[PDB]
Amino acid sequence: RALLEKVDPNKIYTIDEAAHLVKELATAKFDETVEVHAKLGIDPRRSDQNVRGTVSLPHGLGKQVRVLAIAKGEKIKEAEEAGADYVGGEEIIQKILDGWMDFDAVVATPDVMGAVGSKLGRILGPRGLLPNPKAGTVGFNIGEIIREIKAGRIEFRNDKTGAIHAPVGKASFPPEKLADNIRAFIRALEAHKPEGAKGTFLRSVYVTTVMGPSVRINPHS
């Protein structure tokens, strides 16, 4: 844990330095999702300054992503038709508990999320693989969700604190690809600067994981 002192909390790192720090400190036990969090120069209580859109990450998305869709009843067939690599009903949960992890991403319909969250929270959670409606990975339009990932896009939306975050890779990625993905998210955010927002837009930007320290980065590096 003392390992924490490898990250200087006051330094503004380059994106490449941050990518390397990610890989130096990543737990070896499982593959963690790497996020970028930014504090935005917006008023989060006014809808005309909402920031919402997609990032087309240059690495790790598209046809190659093995998507698991968990659904129920009719939506199983829709997930199959949309080309999810793996589809299951709630019966698939036990298979995951038994050690099946061939998938890279999980999406789900709302009706299975109680069971998914309760049984797989402690497994998918620490890995960053838990579906969430705010990330656009839980919904009844399961086919559209699958197609968006296969088209190489991830969704983002600011929160009520005026911050925003999105996954940009895994700790297992080569650092150059992680760095590429971090830059891509920053460029996607900048392309979505609202008209009317004043002052600095990217006030601070960080590379993060759920369980680890944040690494502050220069978004123009």
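For every residue, the number given is its place in the sequence shown, counted from 1.
Of the two segments examined, 151-159 and 54-62, it is 54-62 that shows the higher average Cα temperature factor in the deposited entry. Here 6-14 and 196-204 are compared by their mean Cα B-factor, and 196-204 comes out higher.
Within the group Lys29, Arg45, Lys170, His165, the record's highest C-alpha temperature factor is found at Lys29.
Highest CA B-factor among the listed residues (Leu124, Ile92, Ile76, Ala82): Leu124. Per the deposited record, the Cα B-factor of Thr109 falls in the lowest third when ranked against the other modelled residues of its chain. Ranked against the other modelled residues of its chain, the C-alpha B-factor of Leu129 as given in the entry falls in the highest third. Split the chain's modelled residues into thirds by C-alpha temperature factor. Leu120 is in the highest one. When all modelled residues of the chain are sorted by CA temperature factor, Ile96 is found within the highest third. Among the modelled residues of its chain, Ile146 has a C-alpha B-factor that falls in the lowest third, as given in the PDB entry.
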